[PDB]
Amino acid sequence: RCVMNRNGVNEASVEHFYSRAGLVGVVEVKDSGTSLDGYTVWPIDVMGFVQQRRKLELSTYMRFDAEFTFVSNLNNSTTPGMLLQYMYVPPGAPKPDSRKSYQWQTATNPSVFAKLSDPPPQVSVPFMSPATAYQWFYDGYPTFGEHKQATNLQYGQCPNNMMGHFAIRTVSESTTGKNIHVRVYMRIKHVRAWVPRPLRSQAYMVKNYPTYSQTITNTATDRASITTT
Amino acid sequence: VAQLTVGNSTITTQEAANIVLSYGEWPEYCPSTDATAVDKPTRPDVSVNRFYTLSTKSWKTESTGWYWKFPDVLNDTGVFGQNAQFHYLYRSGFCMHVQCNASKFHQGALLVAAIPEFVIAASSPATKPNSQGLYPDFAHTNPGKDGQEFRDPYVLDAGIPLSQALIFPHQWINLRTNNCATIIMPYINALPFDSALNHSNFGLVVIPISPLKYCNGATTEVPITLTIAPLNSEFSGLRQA
Amino acid sequence: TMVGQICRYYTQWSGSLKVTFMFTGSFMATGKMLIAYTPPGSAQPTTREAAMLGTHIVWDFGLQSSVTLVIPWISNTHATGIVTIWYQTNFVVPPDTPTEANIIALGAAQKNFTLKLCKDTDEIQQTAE
């Protein structure tokens, strides 16, 4: 019932709190049916899922290197010897727009060639921000000038958080007729966090904005009275 | 009780200086970086780093609270406002002194917290596709020197619970025991310098947790005075306009 | 004032003056006044903020009932500074205590104040005494 002993202090460290590579994006390289794209571009988003978004927004500033792992397979989970190209498009570089775009040959775009039959390809993306740390909260406007725009977008959107894109394609010459599902797993390494914040209590409405619904949900579940247990 | 005189400004405050130091860090001048090794940013004296006493907010029974974005709260105020409006880069700490003038027959409690990167959230009735109701207007994100009254103080107008706002550098103003809160916030940013007009490094919230109460005859509104003193302010890239 | 009457007996004078303010409200009364001094050559401030931007004293008469404002220099020979008092806060009182009070202003000269060229005053007039 009761544990009279003390646990470990290391399991509560920030480094351990953000460990354990988790799913950050599920992209599909569609190459069949009505979408013969043969490629897909995934903008690196650490906050694609509200769980990881809430965990990250515990801190204001975070600095970390990221290890990305790509678990790719077909719809029937099979992994034939199809050769894939996982091209990392760094921030500021143009992304591909076609299966055979010239951007796939850009040598400055670090590219990983691996077959579906291979173990999941795995790379380390360093800390890519112009600032000294990523900002999950940026109380400001990246533009320059007066900000009386009617729909006040661009507020709170830090431009320094851009980590790049992962353009994935088959190395085919034409459509293969097979859709490939790529699960992108990202591990936070050497994480350092600053300025802890309250954990988000209201449900996330949209991405990139802390907008919450007009119906405020109480942080605590209700009781019958202030004296009941 | 003493009289702190900084520059030509003098405030009446009590001694013993029960000051909250944000994250145990004193505001310091940034060590000369490569961008600053060539221009030697302007470090103004007590002419700028003086006491700025804003207009007093009237704490009433139904007041939800106020907040001030601090690089913005002094952008149009005196010589600090001049230096902020006409410099490209800016960096400063702040000493914030929130004072209430309440009798011993008034009651209530204020939570005075300094929230770094206090990103204000909009409260939309429903998820509409990228509409105006999804983002706060500039009047709410940068309320200026008049501050902004909280719409939903329970969620800090940011979706985070007010009950956990104490994770930030905070100070209680419980009218029965004290009526002054002093928070010293150093420059906290992912950059050594930044734009004073675009980026608000932090917001200072003054939220009544326990609502103001009084019996008939007492002053129906407790004045809340906010005195601001920039500490170790630096500026770079002077314009003319 | 005594200094104001003695200056009438002289032609030139210069030096720093001090002006003390005594709040004479009830002990339970509290609030803040802004004592601002505008140097010579400037019109008196039109708003409390404009006064705050200059030399001023935020006087919390709930804490101290007396405050002293030192005027640095006057030098009226044969413009002048202006002292303004602004309601920084409202006049705060509990129940059953007067909501109106008085401030007593006391003027004097500092030790650097000097007079020059004795001149018969005009404050009195010779008639059929």
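Here is a short report on the structure shown in this document. (Residues numbered from 1 in each chain as written, not as in the entry; some residues may be left out. Chains lettered and ligands numbered in written order. Part of a larger assembly, values for the part shown. Heavy atoms only, no water. Residues with missing side-chain atoms left out of burial classes, pairs and counts.)

**Some details on the overall build of chain A**
Inference 1: Helix and strand content of chain A: two helices and 10 strands.
Inference 2: In chain A, the proportion of contacts linking residues at least 24 apart, taken out of those at least 6 apart, comes to 78%. (Helix = DSSP H or I, 4+ residues; strand = E, 2+ residues; numbered from the N terminus. Contact = heavy atoms within 4.5 Å.)

**Some points on the overall build of chain C**
Inference 1: Secondary structure assignment for chain C yields two helices and eight strands.
Inference 2: The secondary structure elements of chain C, listed N-terminal to C-terminal, are α-β-β-β-α-β-β-β-β-β.
Inference 3: In summary, chain C has a C-alpha radius of gyration of 18 Å against a globular reference of 14 Å for 129 residues, an excess of more than 25%.
Inference 4: When the backbone C-alpha atoms are referred to their principal axes, chain C occupies close to 55 × 40 × 25 Å.
Inference 5: Looking at the 129 residues of chain C, the share that counts as buried comes to 36%. (Rg over C-alpha atoms; globule rule 2.2 N^0.38 Å. Buried < 20%, exposed > 50% of the residue type's maximum accessible area, 1.4 Å probe, protein only.)

**Here's the deal with the interface of chain B and chain C**
Inference 1: At the interface, 29 residues of chain B touch 26 residues of chain C.
Inference 2: For the pair chain B and chain C, the summed buried surface comes to about 2100 Å²; carbon and sulfur atoms form 56% of the total.
Inference 3: Sorting the residues of chain B by area buried against chain C places B:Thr12, B:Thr53 and B:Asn101 first, and these three jointly supply 25% of that buried surface.
Inference 4: Across the chain B-chain C interface, the total number found is zero salt bridges. (Buried area = accessible area lost by both parts, 1.4 Å probe. Salt bridge = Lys/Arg side-chain N within 4 Å of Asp/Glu carboxyl O.)

**A short note on the interface of chain B and chain A**
Inference 1: Residue-level contacts link 46 residues of chain B with 42 residues of chain A.
Inference 2: Surface buried jointly by chain B and chain A totals about 3600 Å² across both partners, of which 59% is contributed by carbon and sulfur atoms.
Inference 3: Connecting chain B to chain A are one salt bridge.
Inference 4: Here chain B is connected to chain A by 24 residue pairs in polar contact.
Inference 5: Every element with two or more residues in the side of chain B that touches chain A is listed here: β8 (107-116), β9 (123-124) and α4 (138-141) of chain B. (Polar contact = N/O pair within 3.5 Å; in protein donor to acceptor, adjacent residues only side chain to side chain.)

**A few points about the nonpolar core**
Inference 1: In this structure, A:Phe68, B:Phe70, B:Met96 and B:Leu204 are the most contacted members of the largest nonpolar core, which totals 95 residues.
Inference 2: Residues in contact with B:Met96, not counting those within four places in the same chain, are B:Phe70, B:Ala114, B:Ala181, B:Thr182, B:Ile183, B:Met185, B:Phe202, B:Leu204, B:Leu226 and B:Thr227.
Inference 3: Core analysis: the next-biggest nonpolar cluster, separate from the first, contains 20 residues, C:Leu17, C:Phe23, C:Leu69 and C:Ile71 among them. (Core = buried A, V, L, I, M, F, W, Y, C linked by side-chain atoms within 4.5 Å.)

**Observations regarding the sheet that holds strand β11 (residues 170-174) of chain B**
The strands making up a sheet are joined through hydrogen bonds of the backbone, oriented either antiparallel or parallel.
Residue and element names in this part refer to chain B.
Inference 1: On the basis of which strands lie adjacent, the open sheet formed by five strands has the order β10-β6-β13-β8-β11 and antiparallel pairing. Of all strands in the sheet, those with a lone pairing partner are β10 (148-149) and β11, marking the two edges.
Inference 2: The sheet contact formed by β8 and strand β13 (residues 202-213) spans nine bridges and is antiparallel. Residue pairing across strands places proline 116 opposite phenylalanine 202, the latter belonging to β13. (Pairing = 2+ DSSP bridges.)

**A look at empty space enclosed by the protein**
Inference 1: The calculated volume of the largest cavity comes to roughly 30 Å³.
Inference 2: Residue lining of the largest cavity: A:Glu57, A:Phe137, A:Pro198, A:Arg200, A:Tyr204, A:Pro210, B:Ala158 and B:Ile160, and that is the complete set.
Inference 3: The residue inventory of the lining of the largest cavity, partitioned by class, reads six nonpolar, no polar and two charged. (1 Å grid on protein atoms, 1.4 Å probe; cavity = no way out; pocket = protein on both sides within 12 Å on 5 of 7 lines; lining within 4 Å. Points joined across faces, edges and corners; volume = space filled by probe spheres on them. Nonpolar A, V, L, I, M, F, W, Y, C, P; charged D, E, K, R; others polar.)

**Looking at the pairing of strand β7 (residues 87-100) of chain B**
Residue and element names in this part refer to chain B.
Inference 1: Most of β7 sits out of view: 12 of its 14 residues are buried.
Inference 2: Sheet topology note: the β7/strand β14 (residues 222-238) ladder contains 12 bridges and is antiparallel. Residue pairing in the sheet places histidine 97 in a bridge with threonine 227 of β14.
Inference 3: Where β7 and strand β12 (residues 180-185) come together, six bridges link them in antiparallel fashion. In the sheet register, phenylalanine 94 faces β12, and the bridge partner there is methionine 185.

**Notes on the pattern of salt bridges**
All names here are of chain B.
Inference 1: Per the stated rule, a full pass over the model turns up 12 salt bridges over all chains.
Inference 2: Salt-bridge contacts for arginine 151 lead to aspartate 152; the nearest nitrogen and oxygen are separated by 2.9 Å.
Inference 3: Of the residues examined, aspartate 152 reaches a relative accessible area of 17% and is grouped as buried.
Inference 4: Residues joined in a network through salt bridges with shared partners are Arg43, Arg91 and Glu234.

**Comments concerning a nonpolar patch on the surface**
Inference 1: Residues A:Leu23, A:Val26 and A:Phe49 make up a contiguous nonpolar surface patch of about 220 Å² in total accessible area.
Inference 2: Residue placement: A:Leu23 occurs in strand β1 (residues 22-29). (Patch = residues over 30% accessible without salt bridge, like charges linked within 9 Å, V, L, I, M, F, W, Y side chains within 5 Å. Areas by Shrake-Rupley, 256 points an atom, 1.4 Å probe, with all protein chains shown as cover.)

**Describing the sheet that holds strand β2 (residues 39-43) of chain A**
All names here are of chain A.
Inference 1: Taken in spatial order, the four strands of this open sheet run β2-β8-β4-β5, and their pairing is antiparallel. The open sheet has two edge strands, β2 and β5 (111-115), and neither has a second partner. Neighbouring strand axes in the sheet, compared pairwise and without regard to direction, differ in orientation by 20° on average.
Inference 2: Bridging between strand β4 (residues 83-89) and strand β8 (residues 165-170) involves six bridges; their strand directions are antiparallel. The residue of β8 that forms the bridge with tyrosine 86 is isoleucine 168. (Axes fitted to C-alpha atoms, helices over the stretch in contact; angles between N-to-C directions.)

**Considerations on the packing of aromatic side chains**
Inference 1: All told, the structure shown has 34 aromatic pairs over all chains when counted by the stated rule.
Inference 2: Note on A:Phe144 and B:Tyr88: the rings are 6.3 Å apart at their centroids and 20° apart in plane angle, and the pair reads as stacked. Here the residue A:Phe144 occupies a position in the loop between β7 (134-135) and β8, and B:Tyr88 occupies one in strand β7, the pair thus bridging two chains.
Inference 3: Classification of B:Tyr88 as partly exposed rests on a relative accessible area of 47%.
Inference 4: Ring plane angle 40° and centroid distance 6.4 Å describe the contact between C:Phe21 and C:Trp59, whose orientation is recorded as tilted. One end of the pair, C:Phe21, is in strand β2 (residues 17-23); the other, C:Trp59, is in strand β4 (residues 56-60), and 38 residues separate them in sequence. This pair shows no difference in class: C:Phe21 is buried, exactly as C:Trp59 is.
Inference 5: Through successive ring pairs, a cluster of aromatic residues spans B:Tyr52, B:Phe70, B:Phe80, B:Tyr90, B:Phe94, B:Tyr187, B:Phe202 and B:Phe235.
Inference 6: Against the face of B:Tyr29 rests B:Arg43, its NZ or CZ located 4.4 Å from the ring centre. (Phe/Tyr/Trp six-rings, centres within 6.5 Å; stacked < 30°, edge-to-face > 60°. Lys NZ or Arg CZ within 6 Å of the ring centre and 35° of its normal.)

**Re the environment of B:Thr225**
Inference 1: Positionally, B:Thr225 belongs in strand β14.
Inference 2: Measuring from C-alpha to C-alpha, the distance between B:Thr225 and B:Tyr23 comes to 24 Å, with 202 residues separating the pair along the chain.
Inference 3: Once residues within four sequence positions are removed from consideration, B:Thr225 is found in contact with B:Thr53, B:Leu54, B:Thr56, B:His97, B:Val98, B:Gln99, B:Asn101, C:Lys32, C:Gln88 and C:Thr89.

**Let's talk about the environment of C:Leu69**
Residue and element names in this part refer to chain C.
Inference 1: Examined against the element boundaries, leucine 69 turns out to sit in strand β5 (residues 66-71).
Inference 2: Given the relative accessible area of 4%, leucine 69 is considered buried.
Inference 3: C-alpha of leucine 69 to C-alpha of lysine 32: the two residues are 37 residues apart in sequence and 15 Å apart in space.
Inference 4: Excluding residues that lie within four positions of it along the chain, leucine 69 makes contacts with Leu17, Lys18, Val19, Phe21, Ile35, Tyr37, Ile57 and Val83.

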